[PDB]
Ligand SMILES: *[C@@H](N[C@@H](C=C)C(=O)O)c1c(COP(=O)(O)O)cnc(C)c1O
Ligand SMILES: C/C=C(/N=C/c1c(COP(=O)(O)O)cnc(C)c1O)C(=O)O
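What follows is the structure in structure tokens.
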């Protein structure tokens, strides 16, 4: 047992196996695992014994990655997926089925919005979007078919910080879990939603968790704290005999691990959005420095917001740590280890000034990603949120003059100098 | 243009890029691809220009994998998935939505059956199973909500070969595509369903395509031969303005590549079951020997069926090249380059005779996989088909005494000798 993020990110969930004593995690580039005998195979498939069967469901490299992220977020267990989008999809598909709905903040990553608003309705799963952040609107949107409340721990790219505890209380009084996308909380370093009532946490490990922009992946973290038996009227599949496994009852067999066990033995087994062990190993190398990177990211982001605030060329600065931020009181309560790695800005001049400043950058990179160690910038109105209508973009805090900046871990003087010379060129 | 499988498996879909001139396919371990300028990023996201955006959707290593398989199967294009299960799920989820159904053969790999019988119904998508293989029963099952016919080119694990041409006509005359799971066809080497009417081909690339049991992966191959416009009454999303892309009309923009385009810009984008480049490079190493391996696999299987036919300890041999096989007339018609890499057997003795024989093998491995270069054996009643009810296993051809054998490319004498010594320990 360790308390400290900086120790867990190096040590949790792995012990050198006695056979090789390998200090680093091996890459188990295998699809299969040989049975000891026929009866052993029968027990593994019959869920009468834990053990490796097939890498669509489990892999010892992926397993270290799952346990470590679980330990950092404070959950009991995790399941890795092939992407952050798949982490969201498998979660929602386990909680809900045709005829159900979920309640969700309207401030979302554009891919999430399109998934909730376009894809899932094809399967009879609808989403009601709440724009205000007000507790009473979240409560009003819930009905008898609702199966979750869904929010981002810091919305991409306007950085709304939700009232985690208030929203969790509403969810729990209605008998539904709170699902938090904690991607912008950097693996639990900036924000730890399970400590504030979240029942399930999903991540795009592609971002800060991975940290180096090499690898797509996602992960689903189960708090173990939602009582599926007590709320079985909304979730009968969690307690009733399972058609997939000859009347197996998940709650009776697995208890607090019921949700994440279903994710694995039903959803990964049948949807098949599994993570490669090569990908897991790249994510593990990033996790080994997650706290150090997230610490420098937030320091650079703070200094860079100061420079932007006093710049004659900057119209506005959106940074969650600012006392003029619309949700500063939530940010102050929940972000006590740095106010994130992100800021957005609007620049002065005509409609083409935003592109001229980005295109003039020579150190910052213009691409679709966040949470690289390299500094990035993009115009989300035309990119990450392009699929939404203009009204849905504005309802998500995405404006047409906004430049989203993912602040890297380069020396902050070089980042500042890069904008400062790009400003000279577009203005004077 | 090359004709020959043996040449395509080494050359199709890749030319050394002029910058590095790398003869082998590089591993593009990157999440992102830097824009030339802001306008370029907007053109990419707007689907106005072809180009790398983000590895959840596209990756140059994965692109070679996709093009090479499409060329080997005779399709216009392909999309990779994280697993064979994901390939099937994304395909059906694009053809069907809540309220729709598909018609499928009852002779299915157990995970596919569970997908169709248990998972997809939760999304309002039901499956009607046909047990007889009779053209009339396939036709009687279709109704106005049907969206495809689904068959395996050689069913796992009784090796029923369908009447491809007859079934493809039933599908096309009712306005629906024939979707064929060609996993046991070995990437098109043994069977090329598109030559016999199939519109969409799915593989588990985990099997013979990869050929070394290192990597999970899937692929979807579009023939480009199904007129979505002519059948827009059953598939309106193929022609009607798309809510994901501001009214874009897919058929009008992409024509015969419409289905495979939606797989990428809708399903891989939103479900996110993508393949990593490390996985793709492993599978490309497989594909470079696929014809050589499949040829040796089938030579060994033929000789091994001969050995089993004349063994006193064997009760029955099930091999699609046998003139006694139930669908031998289909097999003789569609399998002209070797009768596959699989056989099944039942052994004399009590209930525990099959386990005695498998457990006594020292060269053949007892595990869950087919299509490894190493020879494999398993008991599908308690493993790959365990989730099915007894009646469902029997209607898929699976019985309790069945030993499924994936014949490897070891020297056939060592394979035979392995069975001999296990036969002598268990039968005196
Ligand atoms: C292969 N399924 C194997 C399970 C270990 C087996 O031993 O048969 C398979 C699949 C699933 O593909 P993934 O395992 O998700 O890549 C799909 N269709 C067929 C016909 C298979 O054999
Ligand atoms: C290019 C994509 C970026 N976003 C990703 C993302 C995902 C989706 O996660 P995968 O990309 O599927 O791993 C989920 N949740 C959040 C808050 C995200 O930011 C981007 O914003 O620029």
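Protein chains in written order, with the deposited numbering: chain A, 5 to 432; chain C, 5 to 432. C-beta atoms are modelled at their ideal positions from N, C-alpha and C, and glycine is treated no differently.
Cα-Cα separation, residue i to residue j
| i | j | result |
| --- | --- | --- |
| residue 350(C) | residue 307(C) | 17 Å |
| residue 399(C) | residue 111(C) | 7 Å |
| residue 43(C) | residue 381(A) | 13 Å |
| residue 41(C) | residue 386(A) | 13 Å |
| residue 194(A) | residue 261(A) | 26 Å |
| residue 372(A) | residue 100(A) | 30 Å |
| residue 141(A) | residue 150(A) | 14 Å |
| residue 264(A) | residue 81(A) | 7 Å |
| residue 314(A) | residue 402(A) | 23 Å |
| residue 187(A) | residue 208(A) | 5 Å |
| residue 220(C) | residue 32(A) | 12 Å |
| residue 73(A) | residue 429(C) | 49 Å |
| residue 296(C) | residue 57(A) | 29 Å |
| residue 77(C) | residue 213(C) | 12 Å |
| residue 388(A) | residue 377(A) | 19 Å |
| residue 108(C) | residue 131(C) | 7 Å |
| residue 5(A) | residue 157(A) | 27 Å |
Residue i in three-state terms, based on DSSP
| i | result |
| --- | --- |
| residue 242(C) | helix |
| residue 156(A) | strand |
| residue 82(C) | strand |
| residue 63(A) | coil |
| residue 408(C) | strand |
| residue 172(C) | helix |
| residue 150(A) | strand |
| residue 5(A) | coil |
| residue 58(A) | strand |
| residue 222(A) | strand |
| residue 319(C) | strand |
| residue 426(A) | helix |
| residue 133(C) | strand |
| residue 274(A) | helix |
| residue 363(A) | helix |
| residue 214(A) | coil |
| residue 209(A) | coil |
| residue 381(C) | strand |
| residue 347(A) | strand |
| residue 182(C) | strand |
| residue 40(A) | coil |
| residue 107(A) | strand |
Residue i CB to nearest heavy atom of ligand 1 below 6 Å
| i | result |
| --- | --- |
| residue 88(C) | yes |
| residue 237(A) | no |
| residue 353(C) | no |
| residue 183(C) | no |
| residue 59(A) | no |
| residue 208(C) | yes |
| residue 34(A) | no |
| residue 403(C) | no |
| residue 374(C) | yes |
| residue 160(C) | yes |
| residue 305(C) | no |
Residue i Cβ short of 6 Å to ligand 2 heavy atom set
| i | result |
| --- | --- |
| residue 115(A) | yes |
| residue 276(C) | yes |
| residue 118(A) | no |
| residue 2(A) | Absent from the structure is residue 2(A), since the part of chain A shown begins at 5 and ends at 432. |
| residue 187(A) | yes |
| residue 388(A) | yes |
Heavy atom of ligand 3 within 6 Å of residue i beta-carbon
| i | result |
| --- | --- |
| residue 208(A) | The model on display carries ligand 1 and ligand 2 but not ligand 3. |
Next on the checklist: What are the residues in the region 40 to 67 of chain C lying within 8 Å of chain A by C-beta distance?
Outcome noted: Answer set for the region 40 to 67 of chain C: 41, 42, 43, 45, 46, 49, 50, 57, 58, 59 and 60.
Checklist entry - Any residues in the region 110 to 128 of chain A with a beta carbon nearer than 9 Å to a beta carbon of chain C? Which ones, in chain order? => result 115, 118, 119, 121, 122, 123, 124, 125, 126, 127 and 128
Item to check | Residues of the region 93 to 105 of chain C with Cβ closer than 7 Å to any Cβ of chain A, in chain order | outcome: 93, 101 and 102
Item to check | Contact set between the region 227 to 244 of chain C and chain A, restricted to residues whose Cβ is under 9 Å from the partner | outcome: 241
Item to check | Near-chain C residues of the region 205 to 226 of chain A - C-beta to any C-beta below 8 Å | outcome: 210, 214, 217, 218, 219, 220 and 222
Checklist entry - Closer than 8 Å, Cβ to any Cβ of chain C: which residues of the region 291 to 307 of chain A, in chain order? => result Here the close residues number zero.
Next on the checklist: At a CB distance below 7 Å, what residues from the region 246 to 262 of chain A approach chain C? Give them in sequence order.
Outcome noted: 247, 248 and 249
Checklist entry - At a Cβ cut of 9 Å, what residues of the region 66 to 86 of chain C count as close to chain A, listed as they run along the chain? => result 85 and 86
Item to check | Proximal residues, the region 351 to 379 of chain C versus chain A, C-beta separation under 7 Å | outcome: 359, 362, 363, 369, 370, 371, 372 and 373
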